Amino acid sequence: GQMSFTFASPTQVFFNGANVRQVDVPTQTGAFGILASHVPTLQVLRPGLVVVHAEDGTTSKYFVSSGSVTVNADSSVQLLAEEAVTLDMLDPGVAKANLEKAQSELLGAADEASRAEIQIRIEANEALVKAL
Amino acid sequence: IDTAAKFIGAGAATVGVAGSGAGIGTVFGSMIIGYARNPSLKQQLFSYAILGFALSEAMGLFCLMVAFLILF
Amino acid sequence: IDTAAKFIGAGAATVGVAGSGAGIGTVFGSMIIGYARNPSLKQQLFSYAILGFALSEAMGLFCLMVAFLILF
Amino acid sequence: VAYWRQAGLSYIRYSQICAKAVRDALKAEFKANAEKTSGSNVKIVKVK
Amino acid sequence: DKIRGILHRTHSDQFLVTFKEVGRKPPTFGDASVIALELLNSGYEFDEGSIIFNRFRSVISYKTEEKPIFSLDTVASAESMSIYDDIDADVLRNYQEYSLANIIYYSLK
């Protein structure tokens with residue numbers, strides 16, 4: 001109700017300024033539904049889907065690489081995304097071998113900074129394989 | 001001997017109001033962390049606070065009427 | 001033997017004040033977790049704990065006054 | 001706070017990787033849109 | 001390069017870093033994530049800043065404008081942020097940093 005669902009990207013503007021009902025936000029500390037008087041929170045996002053709910057028959061499916069919420073004082077949530085990619089342009093065959101690749105390179109990290117980074121890489125690669 | 005069983009059960013019943021003393025603590029406790037996020041207080045926060053208060057009472061007061069029923 | 005039931009009756013009747021023991025341990029702990037998220041204590045945040053303390057206390061001293069009035 | 005914290009990394013470092021990890025997973029029809037971003041254009045020269 | 005050419009004879013001392021190779025290829029969003037990433041590998045704690053760019057009006061006319069940047073968590077957590085929920089000081093560390101890559105991208109376009 002009375003909610004301007006803003007959502008975009010640097011390449012192409014997605015669902016923008018339209019009164020859409022419910023948005024899924026993929027976020028560290030989990031996913032939380034936006035229900036029409038949602039409490040304002042400036043939390044940034046983790047990799048995952050956004051399944052956005054409108055009255056137009058059925059829901060759409062997208063995928064955010066690394067986004068940010070700024071839901072304001074009134075009923076206006078603005079979502080951003082670096083890569084709000086569509087799912088169907090993804091190739092499963094090369095995507096699986098990446099997950100076993102980085103775990104095979106975990107113990108080749110002689111420093112402490114990159115050892116978190118390969119833990120980032122498998123988490124981003126685990127994010128897509130449950131999705132697909 | 002008749003007064004022996006009467007004077008224990010009147011005290012044995014009023015331990016039932018202790019459990020109402022527990023459940024009444026959360027209702028003014030969760031409303032503290034409920035209102036702390038969202039200052040929309042004059043709306044249905046407090047109206048859901050007073051209903052929650054006077055409903056836990058009625059599981060404590062209902063034993064108390066039964067507690068005085070034992071004595072008479 | 002009549003005074004023998006006068007003593008064991010107030011023995012369990014003051015267990016009802018323990019319900020105001022654990023029920024007050026929450027509503028003073030909920031003003032910890034819900035204070036840091038929103039520093040507005042001089043407004044109705046502290047005032048809804050004093051209502052939450054006193055009206056939770058009123059079922060504490062009421063189950064104390066049973067133990068006096070059962071004995072005398 | 002997570003494992004990238006207390007390790008020396010940040011959020012912009014987090015966003016560069018999980019963009020590329022998505023963008024390398026694409027089919028070989030939309031490869032040029034991964035080249036549409038192409039962050040390797042700006043150079044850095046220091047004063048010293 | 002062209003800003004640093006003008007301001008190297010009087011303001012040659014207040015330079016953190018310099019960049020190059022801007023605008024020869026079209027500017028993008030990954031270009032704003034190299035400016036905002038090397039701006040953190042610098043050690044300089046900054047608590048107030050601004051960016052200056054030409055706001056495109058028409059084919060003949062442009063207007064140089066300014067926009068403010070709030071970067072310390074102290075000024076970013078004030079009286080208007082009292083209603084604002086679950087974000088911590090460590091989350092406001094995360095959110096304001098994405099705005100730095102954002103607000104350089106608005107001025108690369």
# chains A, B, ... in the order shown; residues from 1 in each chain; ligands from 1
$ closest_atom_pairs --of "chain D" --to "chain A" --cutoff "7 Å" --atoms "only C-alpha atoms" --output "CSV"
residue,atom,partner,partner_atom,distance
D:3,CA,A:116,CA,6.5
D:4,CA,A:116,CA,5.7
D:7,CA,A:113,CA,5.6
D:8,CA,A:113,CA,6.0
D:15,CA,A:66,CA,5.6
D:18,CA,A:124,CA,5.7
D:19,CA,A:65,CA,5.4
D:21,CA,A:124,CA,6.7
D:22,CA,A:65,CA,6.8
D:25,CA,A:95,CA,5.5
D:26,CA,A:90,CA,4.2
D:27,CA,A:91,CA,4.8
$ write_last_selection --atoms "C-alpha atoms" --output "compact mmCIF listing (two decimals), in the first residue's frame"
# COMPACT_ATOMS: atom_id res chain seq x y z
CA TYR D 3 34.39 -13.68 8.50
CA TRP D 4 35.44 -10.99 6.03
CA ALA D 7 40.37 -10.36 8.26
CA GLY D 8 41.23 -7.07 6.53
CA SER D 15 31.06 -6.36 -4.13
CA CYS D 18 30.41 -11.49 -6.13
CA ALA D 19 29.79 -9.33 -9.18
CA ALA D 21 31.49 -14.53 -9.70
CA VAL D 22 28.01 -13.92 -11.09
CA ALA D 25 28.80 -17.72 -14.64
CA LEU D 26 26.88 -16.38 -17.67
CA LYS D 27 26.35 -18.26 -20.93
$ calpha_fit_rmsd --fixed "chain C" --moving "chain B"
0.7 Å
$ interface_residues --of "chain B" --to "chain C" --cutoff "8 Å" --atoms "only C-alpha atoms" --output "VMD selection string"
chain B and resid 1 3 to 5 7 to 26 28 to 30 32 to 33 36 to 37
$ write_last_selection --atoms "N, CA, C and O atoms" --output "CSV table (one decimal), in the first residue's frame"
chain,number,residue,atom,x,y,z
B,1,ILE,N,-9.8,-30.9,62.7
B,1,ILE,CA,-9.5,-31.8,61.6
B,1,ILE,C,-10.1,-31.3,60.3
B,1,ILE,O,-9.4,-31.4,59.2
B,3,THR,N,-10.7,-28.2,59.9
B,3,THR,CA,-9.9,-26.9,59.7
B,3,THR,C,-8.5,-27.3,59.2
B,3,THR,O,-7.8,-26.4,58.7
B,4,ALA,N,-8.0,-28.5,59.4
B,4,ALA,CA,-6.7,-28.9,59.0
B,4,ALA,C,-6.6,-28.9,57.5
B,4,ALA,O,-5.6,-28.4,56.9
B,5,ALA,N,-7.6,-29.5,56.8
B,5,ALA,CA,-7.5,-29.6,55.4
B,5,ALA,C,-7.9,-28.3,54.7
B,5,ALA,O,-7.6,-28.0,53.6
B,7,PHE,N,-7.1,-25.2,55.8
B,7,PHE,CA,-6.2,-24.1,55.9
B,7,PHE,C,-4.9,-24.4,55.1
B,7,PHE,O,-4.1,-23.5,54.8
B,8,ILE,N,-4.8,-25.6,54.6
B,8,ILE,CA,-3.6,-25.9,53.7
B,8,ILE,C,-4.0,-25.6,52.3
B,8,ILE,O,-3.2,-25.0,51.5
B,9,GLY,N,-5.2,-26.0,51.9
B,9,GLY,CA,-5.6,-25.9,50.5
B,9,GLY,C,-5.8,-24.5,50.0
B,9,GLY,O,-5.7,-24.2,48.8
B,10,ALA,N,-6.2,-23.6,51.0
B,10,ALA,CA,-6.3,-22.2,50.7
B,10,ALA,C,-4.9,-21.6,50.4
B,10,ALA,O,-4.8,-20.7,49.5
B,11,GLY,N,-3.9,-22.1,51.1
B,11,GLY,CA,-2.6,-21.7,50.7
B,11,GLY,C,-2.0,-22.5,49.5
B,11,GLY,O,-1.2,-22.0,48.8
B,12,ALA,N,-2.5,-23.7,49.4
B,12,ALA,CA,-2.1,-24.5,48.2
B,12,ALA,C,-2.7,-24.0,46.9
B,12,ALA,O,-2.2,-24.4,45.9
B,13,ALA,N,-3.8,-23.3,47.0
B,13,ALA,CA,-4.4,-22.8,45.8
B,13,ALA,C,-3.7,-21.5,45.3
B,13,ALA,O,-3.6,-21.3,44.1
B,14,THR,N,-3.3,-20.7,46.2
B,14,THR,CA,-2.8,-19.3,45.9
B,14,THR,C,-1.4,-19.3,45.4
B,14,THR,O,-0.8,-18.2,45.3
B,15,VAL,N,-0.8,-20.5,45.2
B,15,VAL,CA,0.5,-20.6,44.4
B,15,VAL,C,0.1,-20.5,42.9
B,15,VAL,O,1.0,-20.3,42.1
B,16,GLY,N,-1.2,-20.7,42.6
B,16,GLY,CA,-1.6,-20.5,41.2
B,16,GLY,C,-1.6,-19.1,40.7
B,16,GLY,O,-1.7,-18.9,39.5
B,17,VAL,N,-1.4,-18.1,41.6
B,17,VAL,CA,-1.4,-16.8,41.1
B,17,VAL,C,0.1,-16.4,40.9
B,17,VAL,O,0.3,-15.3,40.3
B,18,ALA,N,1.0,-17.2,41.2
B,18,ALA,CA,2.4,-17.0,40.9
B,18,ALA,C,2.7,-17.1,39.4
B,18,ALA,O,3.4,-16.3,38.9
B,19,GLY,N,2.0,-18.1,38.8
B,19,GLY,CA,2.2,-18.2,37.3
B,19,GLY,C,1.6,-17.0,36.5
B,19,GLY,O,2.1,-16.7,35.4
B,20,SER,N,0.6,-16.4,37.1
B,20,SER,CA,0.1,-15.2,36.5
B,20,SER,C,1.1,-14.0,36.7
B,20,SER,O,1.2,-13.1,35.9
B,21,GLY,N,1.9,-14.1,37.8
B,21,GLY,CA,2.9,-13.1,38.0
B,21,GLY,C,4.0,-13.2,37.1
B,21,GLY,O,4.7,-12.2,36.8
B,22,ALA,N,4.2,-14.4,36.5
B,22,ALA,CA,5.3,-14.5,35.5
B,22,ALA,C,4.8,-14.0,34.1
B,22,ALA,O,5.5,-13.3,33.5
B,23,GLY,N,3.6,-14.4,33.7
B,23,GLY,CA,3.2,-14.1,32.4
B,23,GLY,C,2.8,-12.6,32.2
B,23,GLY,O,2.7,-12.1,31.1
B,24,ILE,N,2.6,-11.9,33.4
B,24,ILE,CA,2.3,-10.5,33.3
B,24,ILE,C,3.6,-9.7,33.2
B,24,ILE,O,3.6,-8.5,32.8
B,25,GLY,N,4.7,-10.3,33.4
B,25,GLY,CA,6.0,-9.6,33.3
B,25,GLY,C,6.4,-9.4,31.8
B,25,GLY,O,7.0,-8.4,31.5
B,26,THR,N,6.1,-10.4,31.0
B,26,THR,CA,6.6,-10.3,29.6
B,26,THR,C,5.7,-9.3,28.8
B,26,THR,O,6.3,-8.6,27.9
B,28,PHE,N,4.5,-6.4,29.8
B,28,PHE,CA,5.0,-5.1,29.9
B,28,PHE,C,6.5,-5.1,29.6
B,28,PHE,O,7.2,-4.1,29.7
B,29,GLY,N,7.0,-6.3,29.2
B,29,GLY,CA,8.4,-6.4,28.9
B,29,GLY,C,8.7,-6.4,27.4
B,29,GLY,O,9.6,-5.7,26.9
B,30,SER,N,7.8,-7.1,26.7
B,30,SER,CA,8.0,-7.1,25.2
B,30,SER,C,7.5,-5.9,24.6
B,30,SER,O,8.0,-5.5,23.5
B,32,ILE,N,8.1,-3.1,25.8
B,32,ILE,CA,9.3,-2.2,25.9
B,32,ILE,C,10.1,-2.3,24.6
B,32,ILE,O,10.5,-1.3,24.0
B,33,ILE,N,10.5,-3.6,24.2
B,33,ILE,CA,11.2,-3.7,23.0
B,33,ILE,C,10.4,-3.7,21.8
B,33,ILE,O,10.8,-3.7,20.6
B,36,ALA,N,10.2,0.3,21.3
B,36,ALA,CA,11.5,0.9,21.1
B,36,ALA,C,11.9,1.0,19.7
B,36,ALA,O,12.6,2.0,19.3
B,37,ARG,N,11.5,0.1,18.8
B,37,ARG,CA,11.8,0.2,17.4
B,37,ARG,C,10.9,1.3,16.8
B,37,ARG,O,11.3,2.1,16.0
$ closest_residue --among "E:56, E:70, E:95, E:84" --to "chain D" --atoms "only C-alpha atoms"
E:95
$ closest_atom_pairs --of "chain A" --to "chain E" --cutoff "7 Å" --atoms "only C-alpha atoms" --output "CSV"
residue,atom,partner,partner_atom,distance
A:10,CA,E:29,CA,6.6
A:39,CA,E:85,CA,6.7
A:40,CA,E:84,CA,5.4
A:41,CA,E:85,CA,5.1
A:42,CA,E:87,CA,6.2
A:43,CA,E:87,CA,6.1
A:44,CA,E:95,CA,6.1
$ select_by_dssp --residues "chain E" --states "strand (DSSP E or B)" --output "list in words"
residues 18, 19, 20, 48, 49, 50, 51, 52, 53, 54, 55, 56, 62, 63, 64, 65, 66, 67, 68, 69 and 70 of chain E
$ write_last_selection --atoms "C-alpha atoms" --output "mmCIF file, in the first residue's frame"
data_model
loop_
_atom_site.group_PDB
_atom_site.id
_atom_site.type_symbol
_atom_site.label_atom_id
_atom_site.label_comp_id
_atom_site.auth_asym_id
_atom_site.auth_seq_id
_atom_site.Cartn_x
_atom_site.Cartn_y
_atom_site.Cartn_z
ATOM 1 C CA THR E 18 45.804 11.096 -8.516
ATOM 2 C CA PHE E 19 44.129 9.097 -11.269
ATOM 3 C CA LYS E 20 44.442 8.960 -15.048
ATOM 4 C CA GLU E 48 33.549 15.509 5.796
ATOM 5 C CA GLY E 49 33.944 15.899 2.050
ATOM 6 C CA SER E 50 32.295 16.906 -1.190
ATOM 7 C CA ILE E 51 32.463 16.280 -4.926
ATOM 8 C CA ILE E 52 32.170 18.886 -7.698
ATOM 9 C CA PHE E 53 30.863 18.046 -11.183
ATOM 10 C CA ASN E 54 29.108 19.740 -14.090
ATOM 11 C CA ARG E 55 25.367 19.065 -14.029
ATOM 12 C CA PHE E 56 24.389 18.737 -17.690
ATOM 13 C CA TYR E 62 26.104 23.242 -18.177
ATOM 14 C CA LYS E 63 26.065 24.160 -14.486
ATOM 15 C CA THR E 64 28.861 23.345 -12.071
ATOM 16 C CA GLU E 65 27.257 22.155 -8.839
ATOM 17 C CA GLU E 66 28.375 20.698 -5.528
ATOM 18 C CA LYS E 67 26.982 17.922 -3.347
ATOM 19 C CA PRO E 68 27.868 17.096 0.280
ATOM 20 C CA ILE E 69 29.333 13.856 1.630
ATOM 21 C CA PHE E 70 28.794 12.597 5.187
#
$ interface_residues --of "chain D" --to "chain E" --cutoff "8 Å" --atoms "only C-alpha atoms" --output "VMD selection string"
chain D and resid 1 10 to 13 16 36 to 47
$ write_last_selection --atoms "C-alpha atoms" --output "CSV table (one decimal), in the first residue's frame"
chain,number,residue,atom,x,y,z
D,1,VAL,CA,30.1,-8.8,11.4
D,10,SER,CA,35.5,-4.6,3.3
D,11,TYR,CA,32.3,-4.3,1.4
D,12,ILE,CA,33.6,-2.8,-1.8
D,13,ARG,CA,36.0,-5.7,-2.0
D,16,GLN,CA,33.8,-6.7,-6.8
D,36,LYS,CA,30.1,-3.6,-20.6
D,37,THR,CA,31.2,-3.1,-17.0
D,38,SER,CA,35.0,-3.4,-17.6
D,39,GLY,CA,36.2,-1.8,-14.4
D,40,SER,CA,39.8,-2.0,-15.7
D,41,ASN,CA,39.8,1.4,-17.4
D,42,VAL,CA,40.8,3.8,-14.6
D,43,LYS,CA,44.5,3.9,-13.8
D,44,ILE,CA,46.3,5.0,-10.6
D,45,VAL,CA,49.5,7.1,-10.3
D,46,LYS,CA,50.8,8.1,-6.9
D,47,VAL,CA,52.5,11.3,-5.9
$ select_by_dssp --residues "chain A" --states "helix (DSSP H, G or I)" --output "number ranges by chain"
A: 92-104, 106-108, 113-131
$ atom_distance --atom1 "atom CA of residue D:35" --atom2 "atom CA of residue D:23"
9.5 Å
$ atom_distance --atom1 "atom CA of residue E:47" --atom2 "atom CA of residue E:3"
23.0 Å
$ residues_around --residues "stretch 16-18 of chain A" --least-positions-apart "6" --cutoff "9 Å" --atoms "only C-alpha atoms" --output "list in words"
residues 3, 4, 5, 6, 7, 8 and 78 of chain A
